[PDB]
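Chemist: For reference, the file start_24.txt (compact mmCIF, C-alpha atoms) is included below:
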# COMPACT_ATOMS: atom_id res chain seq x y z
CA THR M 34 6.47 72.20 67.59
CA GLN M 35 8.07 75.24 66.09
CA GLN M 36 11.13 75.97 63.95
CA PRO M 37 13.82 78.54 64.82
CA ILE M 38 13.82 81.69 62.67
CA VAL M 39 16.23 84.39 63.80
CA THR M 40 19.18 82.55 65.34
CA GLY M 41 22.30 82.88 67.44
CA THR M 42 25.32 80.66 66.92
CA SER M 43 27.96 79.24 69.26
CA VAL M 44 28.36 80.09 72.93
CA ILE M 45 31.64 78.86 74.37
CA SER M 46 33.05 78.77 77.90
CA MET M 47 35.47 77.12 80.29
CA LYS M 48 36.54 77.54 83.87
CA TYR M 49 39.93 78.65 85.22
CA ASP M 50 41.44 78.59 88.70
CA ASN M 51 39.35 81.45 90.10
CA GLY M 52 36.17 81.47 88.04
CA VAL M 53 34.77 81.11 84.57
CA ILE M 54 34.79 82.79 81.16
CA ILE M 55 32.01 82.80 78.62
CA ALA M 56 31.68 84.33 75.15
CA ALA M 57 29.29 84.63 72.20
CA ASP M 58 29.34 86.69 69.01
CA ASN M 59 26.81 89.47 68.48
CA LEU M 60 25.04 88.09 65.44
CA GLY M 61 21.38 87.45 64.76
CA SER M 62 21.13 85.35 61.60
CA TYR M 63 17.99 84.83 59.56
CA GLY M 64 18.80 81.84 57.42
CA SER M 65 21.94 82.65 55.48
CA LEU M 66 21.27 86.41 55.63
CA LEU M 67 23.41 87.87 58.46
CA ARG M 68 20.52 90.19 59.35
CA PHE M 69 21.18 91.58 62.85
CA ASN M 70 24.43 92.79 64.40
CA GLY M 71 23.86 94.29 67.81
CA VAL M 72 22.64 91.12 69.49
CA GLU M 73 23.96 90.54 73.00
CA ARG M 74 23.56 86.84 73.64
CA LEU M 75 25.22 87.04 77.07
CA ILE M 76 22.67 87.67 79.86
CA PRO M 77 24.13 88.62 83.23
CA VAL M 78 21.86 87.75 86.17
CA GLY M 79 23.10 89.56 89.22
CA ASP M 80 26.89 89.70 89.40
CA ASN M 81 27.95 86.12 89.98
CA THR M 82 26.10 84.60 87.05
CA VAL M 83 26.14 85.02 83.28
CA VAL M 84 23.76 83.10 81.02
CA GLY M 85 24.78 82.62 77.39
CA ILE M 86 22.03 81.70 74.94
CA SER M 87 22.14 80.39 71.37
CA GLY M 88 19.35 79.20 69.13
CA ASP M 89 16.11 81.03 68.40
CA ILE M 90 16.44 84.73 69.27
CA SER M 91 12.77 85.37 70.06
CA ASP M 92 12.89 82.57 72.63
CA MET M 93 16.15 84.00 73.93
CA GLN M 94 14.48 87.38 74.42
CA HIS M 95 11.75 85.51 76.29
CA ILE M 96 14.23 83.60 78.52
CA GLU M 97 15.71 87.02 79.22
CA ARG M 98 12.46 88.40 80.62
CA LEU M 99 12.15 85.27 82.77
CA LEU M 100 15.59 85.93 84.15
CA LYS M 101 14.89 89.56 84.98
CA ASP M 102 11.64 88.56 86.67
CA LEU M 103 13.49 85.93 88.68
CA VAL M 104 15.64 88.77 90.01
CA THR M 105 12.79 91.21 90.64
CA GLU M 106 10.96 88.41 92.45
CA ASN M 107 13.84 87.26 94.65
CA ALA M 108 13.95 90.79 96.06
CA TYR M 109 10.33 90.63 97.26
CA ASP M 110 10.20 90.38 101.07
CA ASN M 111 13.90 89.54 101.00
CA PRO M 112 16.02 91.77 103.24
CA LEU M 113 19.09 89.74 102.21
CA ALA M 114 18.39 89.76 98.45
CA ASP M 115 21.79 91.30 97.85
CA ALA M 116 23.49 89.13 100.46
CA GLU M 117 22.96 85.67 101.96
CA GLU M 118 19.72 85.19 100.02
CA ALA M 119 20.85 86.47 96.63
CA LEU M 120 20.45 84.43 93.47
CA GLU M 121 23.08 81.69 93.10
CA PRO M 122 24.13 80.41 89.68
CA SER M 123 22.85 76.98 90.68
CA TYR M 124 19.37 78.34 91.37
CA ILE M 125 19.22 80.14 88.05
CA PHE M 126 20.31 77.04 86.21
CA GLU M 127 17.97 74.64 87.97
CA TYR M 128 15.14 77.06 87.14
CA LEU M 129 15.86 77.23 83.42
CA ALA M 130 16.59 73.50 83.38
CA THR M 131 13.12 73.03 84.74
CA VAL M 132 11.46 75.40 82.29
CA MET M 133 13.36 73.83 79.40
CA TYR M 134 12.32 70.24 80.13
CA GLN M 135 8.72 71.23 80.86
CA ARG M 136 8.49 72.93 77.51
CA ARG M 137 9.93 69.98 75.56
CA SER M 138 7.54 67.76 77.48
CA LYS M 139 4.63 69.89 76.32
CA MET M 140 5.81 69.62 72.70
CA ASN M 141 6.41 73.36 72.52
CA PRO M 142 10.13 73.85 73.21
CA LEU M 143 12.23 76.98 73.69
CA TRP M 144 14.56 76.44 70.72
CA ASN M 145 17.86 77.04 72.53
CA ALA M 146 21.10 75.76 73.93
CA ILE M 147 22.09 77.47 77.18
CA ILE M 148 25.19 77.67 79.33
CA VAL M 149 24.92 79.12 82.84
CA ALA M 150 28.33 80.31 84.03
CA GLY M 151 29.30 81.80 87.37
CA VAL M 152 30.71 81.55 90.87
CA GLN M 153 28.78 80.07 93.81
CA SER M 154 28.69 81.90 97.15
CA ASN M 155 31.29 79.55 98.61
CA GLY M 156 33.67 80.39 95.77
CA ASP M 157 32.99 77.30 93.63
CA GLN M 158 32.88 77.68 89.86
CA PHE M 159 29.60 76.95 88.14
CA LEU M 160 29.30 75.86 84.53
CA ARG M 161 26.36 73.83 83.24
CA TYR M 162 24.47 73.24 80.01
CA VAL M 163 20.82 72.72 79.05
CA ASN M 164 19.07 72.64 75.67
CA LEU M 165 15.60 72.54 74.10
CA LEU M 166 15.32 68.86 75.07
CA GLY M 167 16.01 69.55 78.71
CA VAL M 168 19.29 67.67 78.49
CA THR M 169 21.95 68.82 80.97
CA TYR M 170 25.61 68.22 81.75
CA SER M 171 28.83 69.74 83.01
CA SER M 172 32.49 69.67 82.00
CA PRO M 173 35.53 71.92 82.58
CA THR M 174 34.59 73.35 79.16
CA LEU M 175 31.21 73.72 77.42
CA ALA M 176 30.13 75.04 74.06
CA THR M 177 26.93 75.03 72.01
CA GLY M 178 26.41 74.40 68.30
CA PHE M 179 29.56 74.81 66.24
CA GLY M 180 31.64 75.53 69.32
CA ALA M 181 30.94 72.00 70.47
CA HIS M 182 32.93 70.73 67.49
CA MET M 183 35.71 73.30 67.12
CA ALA M 184 35.97 75.18 70.41
CA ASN M 185 35.93 72.21 72.77
CA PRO M 186 38.92 70.42 71.15
CA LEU M 187 40.91 73.62 71.70
CA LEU M 188 39.80 74.60 75.20
CA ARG M 189 40.14 71.00 76.36
CA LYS M 190 43.83 71.25 75.55
CA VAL M 191 44.05 73.90 78.29
CA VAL M 192 41.86 72.13 80.86
CA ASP M 193 41.64 68.44 79.98
CA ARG M 194 40.80 67.09 83.42
CA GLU M 195 39.68 68.53 86.73
CA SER M 196 43.21 68.76 88.14
CA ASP M 197 44.05 71.24 85.36
CA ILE M 198 41.63 73.94 86.55
CA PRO M 199 43.68 75.20 89.52
CA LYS M 200 46.71 75.42 87.21
CA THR M 201 44.93 77.66 84.69
CA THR M 202 45.06 81.43 84.97
CA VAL M 203 42.66 84.02 83.63
CA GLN M 204 45.21 85.11 81.03
CA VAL M 205 45.78 81.60 79.72
CA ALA M 206 42.03 80.97 79.80
CA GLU M 207 40.85 84.26 78.28
CA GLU M 208 43.47 83.68 75.63
CA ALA M 209 42.26 80.25 74.57
CA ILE M 210 38.71 81.54 74.51
CA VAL M 211 39.61 84.43 72.26
CA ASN M 212 41.58 82.19 69.93
CA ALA M 213 38.66 79.80 69.78
CA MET M 214 36.41 82.74 68.89
CA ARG M 215 38.75 83.38 65.96
CA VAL M 216 38.74 79.79 64.71
CA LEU M 217 34.93 79.79 64.80
CA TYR M 218 35.03 82.95 62.68
CA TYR M 219 37.21 81.13 60.14
CA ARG M 220 34.91 78.13 59.68
CA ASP M 221 31.39 78.92 60.95
CA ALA M 222 29.38 80.43 58.10
CA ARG M 223 26.89 81.90 60.56
CA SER M 224 29.36 83.85 62.73
CA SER M 225 30.40 87.48 63.22
CA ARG M 226 33.75 89.19 63.90
CA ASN M 227 32.36 91.02 66.92
CA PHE M 228 31.59 89.26 70.14
CA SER M 229 31.16 89.71 73.87
CA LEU M 230 33.18 88.08 76.60
CA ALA M 231 32.65 87.83 80.34
CA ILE M 232 34.66 86.71 83.34
CA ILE M 233 33.19 85.82 86.72
CA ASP M 234 36.15 85.73 89.13
CA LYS M 235 35.58 84.92 92.78
CA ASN M 236 37.81 87.87 93.64
CA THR M 237 37.46 90.49 90.91
CA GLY M 238 33.76 89.82 90.39
CA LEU M 239 32.00 90.17 87.04
CA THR M 240 33.95 91.72 84.17
CA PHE M 241 31.73 92.08 81.11
CA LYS M 242 33.58 92.95 77.90
CA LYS M 243 31.58 94.18 74.89
CA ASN M 244 32.41 94.98 71.25
CA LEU M 245 35.50 92.80 71.07
CA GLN M 246 36.76 91.78 67.62
CA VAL M 247 38.64 88.90 66.06
CA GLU M 248 42.19 90.08 65.40
CA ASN M 249 45.43 88.61 64.09
CA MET M 250 43.83 86.57 61.30
CA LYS M 251 46.11 84.77 58.84
CA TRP M 252 45.01 85.48 55.22
CA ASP M 253 48.23 86.29 53.37
CA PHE M 254 48.75 82.74 52.03
CA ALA M 255 45.46 83.20 50.16
CA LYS M 256 47.48 84.85 47.38
CA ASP M 257 49.56 81.72 46.63
CA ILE M 258 46.42 79.70 46.02
CA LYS M 259 45.24 79.76 42.42
CA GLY M 260 42.93 77.38 40.59
CA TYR M 261 41.78 74.11 42.13
CA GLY M 262 44.36 71.63 40.85
CA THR M 263 46.08 72.20 37.50
CA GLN M 264 45.70 75.96 36.92
CA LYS M 265 48.94 77.88 37.42
CA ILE M 266 48.04 81.55 37.05
CA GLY Z 4 -35.51 99.07 109.69
CA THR Z 5 -32.08 97.91 110.89
CA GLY Z 6 -29.33 95.34 110.39
CA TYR Z 7 -27.96 97.24 107.41
CA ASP Z 8 -24.51 96.47 108.83
CA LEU Z 9 -24.53 92.69 108.65
CA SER Z 10 -23.92 92.19 104.92
CA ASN Z 11 -20.98 93.68 102.98
CA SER Z 12 -22.64 95.21 99.93
CA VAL Z 13 -25.78 96.67 101.49
CA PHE Z 14 -26.66 100.35 101.34
CA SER Z 15 -28.12 101.71 104.56
CA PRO Z 16 -31.11 104.11 104.24
CA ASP Z 17 -28.71 107.06 104.27
CA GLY Z 18 -26.53 105.45 101.60
CA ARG Z 19 -23.59 104.07 103.57
CA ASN Z 20 -21.71 100.77 103.75
CA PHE Z 21 -21.25 99.96 107.42
CA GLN Z 22 -19.09 96.88 106.85
CA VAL Z 23 -16.61 99.15 105.09
CA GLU Z 24 -16.77 101.65 107.92
CA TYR Z 25 -16.14 98.90 110.44
CA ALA Z 26 -13.18 97.87 108.33
CA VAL Z 27 -11.81 101.33 108.94
CA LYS Z 28 -12.08 100.69 112.66
CA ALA Z 29 -9.58 97.88 112.19
CA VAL Z 30 -7.31 100.38 110.48
CA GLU Z 31 -7.45 103.31 112.91
CA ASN Z 32 -6.58 100.81 115.59
CA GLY Z 33 -3.35 99.83 113.86
CA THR Z 34 0.24 101.05 114.03
CA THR Z 35 0.93 104.45 112.55
CA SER Z 36 2.63 104.76 109.15
CA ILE Z 37 3.41 107.71 106.86
CA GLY Z 38 4.53 108.90 103.47
CA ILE Z 39 6.32 112.11 102.51
CA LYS Z 40 6.62 113.17 98.86
CA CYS Z 41 9.91 115.02 98.45
CA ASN Z 42 11.25 116.88 95.41
CA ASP Z 43 12.42 113.78 93.47
CA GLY Z 44 10.97 110.75 95.20
CA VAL Z 45 9.08 109.63 98.28
CA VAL Z 46 9.88 108.41 101.78
CA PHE Z 47 7.96 105.78 103.76
CA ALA Z 48 8.11 105.33 107.54
CA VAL Z 49 6.40 103.05 110.02
CA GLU Z 50 6.02 102.38 113.75
CA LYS Z 51 6.93 98.85 114.88
CA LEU Z 52 5.71 98.07 118.41
CA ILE Z 53 7.99 95.92 120.53
CA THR Z 54 5.36 93.72 122.16
CA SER Z 55 8.21 92.05 124.02
CA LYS Z 56 11.96 91.63 124.24
CA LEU Z 57 11.44 88.33 122.42
CA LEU Z 58 10.90 89.96 119.02
CA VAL Z 59 14.15 89.86 117.07
CA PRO Z 60 15.26 93.43 116.30
CA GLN Z 61 15.32 94.54 112.67
CA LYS Z 62 13.38 91.47 111.66
CA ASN Z 63 9.61 91.52 111.17
CA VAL Z 64 9.79 94.06 108.29
CA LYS Z 65 6.57 95.86 107.35
CA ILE Z 66 7.33 97.97 104.26
CA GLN Z 67 6.99 96.07 100.99
CA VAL Z 68 8.15 96.63 97.45
CA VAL Z 69 6.12 96.13 94.28
CA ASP Z 70 8.37 95.44 91.29
CA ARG Z 71 11.52 97.53 91.73
CA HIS Z 72 10.25 101.13 91.83
CA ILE Z 73 7.15 100.95 94.07
CA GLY Z 74 7.01 101.02 97.85
CA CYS Z 75 4.12 100.02 100.11
CA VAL Z 76 3.32 100.44 103.79
CA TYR Z 77 -0.06 99.95 105.45
CA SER Z 78 -1.90 100.10 108.78
CA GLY Z 79 -4.43 97.66 110.12
CA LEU Z 80 -4.78 93.95 109.43
CA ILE Z 81 -1.26 93.04 108.26
CA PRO Z 82 -2.29 89.79 106.57
CA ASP Z 83 -4.82 91.81 104.57
CA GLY Z 84 -2.02 94.18 103.53
CA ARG Z 85 0.23 91.47 102.17
CA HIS Z 86 -2.70 90.05 100.26
CA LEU Z 87 -3.09 93.49 98.66
CA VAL Z 88 0.61 93.76 97.79
CA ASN Z 89 0.65 90.25 96.34
CA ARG Z 90 -2.13 91.41 94.05
CA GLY Z 91 -0.22 94.54 93.15
CA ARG Z 92 2.82 92.47 92.28
CA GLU Z 93 0.90 90.37 89.77
CA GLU Z 94 -0.95 93.48 88.66
CA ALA Z 95 2.39 95.13 87.93
CA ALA Z 96 4.00 92.11 86.28
CA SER Z 97 0.97 91.78 84.00
CA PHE Z 98 1.33 95.43 83.00
CA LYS Z 99 5.08 95.27 82.31
CA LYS Z 100 4.78 92.03 80.36
CA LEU Z 101 2.46 93.57 77.76
CA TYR Z 102 3.68 97.18 77.72
CA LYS Z 103 7.35 96.59 78.51
CA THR Z 104 7.54 99.74 80.59
CA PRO Z 105 7.42 99.30 84.38
CA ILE Z 106 3.99 100.35 85.65
CA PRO Z 107 3.44 104.11 86.27
CA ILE Z 108 2.62 104.86 89.91
CA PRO Z 109 -0.68 106.46 88.88
CA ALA Z 110 -1.75 103.39 86.86
CA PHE Z 111 -0.70 101.11 89.69
CA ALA Z 112 -2.86 103.16 92.04
CA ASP Z 113 -6.00 102.55 90.07
CA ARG Z 114 -5.08 98.89 89.71
CA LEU Z 115 -5.10 98.65 93.52
CA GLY Z 116 -8.15 100.88 93.69
CA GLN Z 117 -10.33 98.81 91.36
CA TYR Z 118 -9.32 95.68 93.24
CA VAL Z 119 -10.20 97.07 96.66
CA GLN Z 120 -13.37 98.75 95.39
CA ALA Z 121 -14.38 95.30 94.16
CA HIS Z 122 -14.39 93.90 97.73
CA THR Z 123 -17.26 96.21 98.64
CA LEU Z 124 -19.55 94.94 95.90
CA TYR Z 125 -20.41 91.44 97.13
CA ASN Z 126 -21.61 90.00 100.44
CA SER Z 127 -19.43 86.95 99.80
CA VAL Z 128 -16.28 88.95 100.50
CA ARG Z 129 -14.98 91.12 103.28
CA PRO Z 130 -13.50 94.60 102.74
CA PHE Z 131 -9.75 95.14 103.24
CA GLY Z 132 -8.85 95.93 106.82
CA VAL Z 133 -5.99 98.21 105.81
CA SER Z 134 -5.22 101.69 104.56
CA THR Z 135 -2.17 101.77 102.34
CA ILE Z 136 0.38 104.45 101.64
CA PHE Z 137 2.45 103.68 98.55
CA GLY Z 138 4.21 105.42 95.70
CA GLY Z 139 7.35 105.74 93.66
CA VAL Z 140 9.21 107.39 90.80
CA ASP Z 141 8.18 107.02 87.19
CA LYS Z 142 8.42 108.60 83.71
CA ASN Z 143 7.20 111.90 85.08
CA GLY Z 144 8.02 112.50 88.70
Rewrite the structure of this file - the entire thing - as structure tokens.
Modeler:
Amino acid sequence: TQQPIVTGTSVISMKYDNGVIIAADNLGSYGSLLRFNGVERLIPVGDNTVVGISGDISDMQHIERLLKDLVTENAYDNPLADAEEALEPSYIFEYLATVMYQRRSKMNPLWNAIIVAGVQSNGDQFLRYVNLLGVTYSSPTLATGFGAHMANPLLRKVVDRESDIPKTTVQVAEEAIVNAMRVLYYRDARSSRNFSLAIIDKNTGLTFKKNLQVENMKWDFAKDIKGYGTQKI
Amino acid sequence: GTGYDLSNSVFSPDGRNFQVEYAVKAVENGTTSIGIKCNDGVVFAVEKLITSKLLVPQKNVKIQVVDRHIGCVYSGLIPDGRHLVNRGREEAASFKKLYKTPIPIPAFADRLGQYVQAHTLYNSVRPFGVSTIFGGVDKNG
């Protein structure tokens, strides 16, 4: 039984016709103090899987070491470690899912919400969630924390049901995800303007974009708002 | 007297450890393997006897990796060799976990050394029937 201290906020993602996209801002909050700014909360494992973590940063760092070890280990006595016997997104998830539930069951959780995104060897898109309670689920779109409330309603408009995935392109998708990242910057008091985005396309592979920024923000109307009811000037 | 070669930690009258020496016999009798330290790394090579046409080619791989920067190859009792590597793997993981930096080849050497030396201290264990050639690249060469 612990309590999160340095934290990461929302992690959002969805899947398009050829793969998946996942993003998370680069902030490391410490209460209301926006203390750290070079935090990469997107962990790529191999080149067909990206793991986005939110929640307690120290635990995230720890899940990160577990992920790197999982890779180092899979290579051992594995002549096909970079081929037929390489790490699949589904293996990586199932592993974390296990670790997460075991830790909640021991009353010493890893204070996080995780989304494993990627493309399976047979092309299939992989997107699944797991949190400090060991709870898991899937959906054409997934977000943690604040993104669950604001990002999902938006992304779901792009891919509402399964039949919508094949009709969605990377442009459409990456777009919605960037717009969502903007909305979260407007209303989440624990968010940053800078974020990282990643695309795992069954054809193009893993495209990992860093240092992005929220652009095209509407603020102009802020000038026409004076007082809180009856004031005029 | 005699029989100084029946128990694994016994010193013979001239100060030797016969069980260890016999272990070497197991080694000398094994496939040949080598290591060549070049100007910015090392190369490992090994002989793989085709006991029959039934062995799948390119399969039964001998050389092993410890972590991501260490290579191992040994001669003698193969099972003994894997057991040694398995211990090196944990030995390395333990080191990296606490010091963050992947384990220096020199440090790794002594980790393996202390382990093996330990199997010549008690008569309840057998010495390793393998000689191992291993190495890699680290912070300084």
Chemist: Which value, in Å to one decimal, gives the distance between CA of residue 115 in chain M and CA of residue 153 in chain M?
Modeler: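 For CA of residue 115 in chain M relative to CA of residue 153 in chain M, the distance reads 13.8 Å.
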Chemist: Distance cut-off 12 Å, counting all atoms listed in the file - which residues of chain Z neighbour chain M? Return them as a ChimeraX atom specification.
Modeler: /Z:61-75,85,88-89,91-93,95-97,99-101,103,105
Chemist: Quick one: distance from CA of residue 142 in chain Z to CA of residue 94 in chain M in Å, one decimal?
Modeler: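 About the pair CA of residue 142 in chain Z and CA of residue 94 in chain M: they are 23.9 Å apart.
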Chemist: Please list as a list in words every residue within 7 Å of residue 135 in chain Z, counting only C-alpha atoms and excluding residues in the same chain fewer than 2 positions away.
Modeler: residues 75, 76, 77, 78, 133 and 137 of chain Z
Chemist: Using all atoms listed in the file, which residues sit within 9 Å of residue 149 in chain M once same-chain residues fewer than 5 positions away are excluded, as a PDB file with C-alpha atoms, in the frame of the given file?
Modeler:
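Okay, out_27.pdb is ready:
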ATOM      1  CA  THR M  82      26.100  84.600  87.050  1.00  0.00           C
ATOM      2  CA  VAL M  83      26.140  85.020  83.280  1.00  0.00           C
ATOM      3  CA  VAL M  84      23.760  83.100  81.020  1.00  0.00           C
ATOM      4  CA  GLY M  85      24.780  82.620  77.390  1.00  0.00           C
ATOM      5  CA  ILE M  86      22.030  81.700  74.940  1.00  0.00           C
ATOM      6  CA  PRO M 122      24.130  80.410  89.680  1.00  0.00           C
ATOM      7  CA  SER M 123      22.850  76.980  90.680  1.00  0.00           C
ATOM      8  CA  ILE M 125      19.220  80.140  88.050  1.00  0.00           C
ATOM      9  CA  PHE M 126      20.310  77.040  86.210  1.00  0.00           C
ATOM     10  CA  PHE M 159      29.600  76.950  88.140  1.00  0.00           C
ATOM     11  CA  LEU M 160      29.300  75.860  84.530  1.00  0.00           C
ATOM     12  CA  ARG M 161      26.360  73.830  83.240  1.00  0.00           C
ATOM     13  CA  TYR M 162      24.470  73.240  80.010  1.00  0.00           C
ATOM     14  CA  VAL M 163      20.820  72.720  79.050  1.00  0.00           C
TER      15      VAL M 163
END
Chemist: Can you work out the spacing between CA of residue 237 in chain M and CA of residue 76 in chain M in Å, to one decimal?
Modeler: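 Going from CA of residue 237 in chain M over to CA of residue 76 in chain M, I get 18.7 Å.
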Chemist: Tell me which protein, DNA and RNA residues are within 10 Å of residue 197 in chain M, counting only C-alpha atoms, leaving out same-chain ones fewer than 5 positions away, and put them as a ChimeraX atom specification.
Modeler: /M:48-50,173,189-192
Chemist: Go ahead and write the selection's residues with C-alpha atoms as a compact mmCIF listing (two decimals), in the frame of the given file.
Modeler:
# COMPACT_ATOMS: atom_id res chain seq x y z
CA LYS M 48 36.54 77.54 83.87
CA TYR M 49 39.93 78.65 85.22
CA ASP M 50 41.44 78.59 88.70
CA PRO M 173 35.53 71.92 82.58
CA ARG M 189 40.14 71.00 76.36
CA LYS M 190 43.83 71.25 75.55
CA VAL M 191 44.05 73.90 78.29
CA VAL M 192 41.86 72.13 80.86
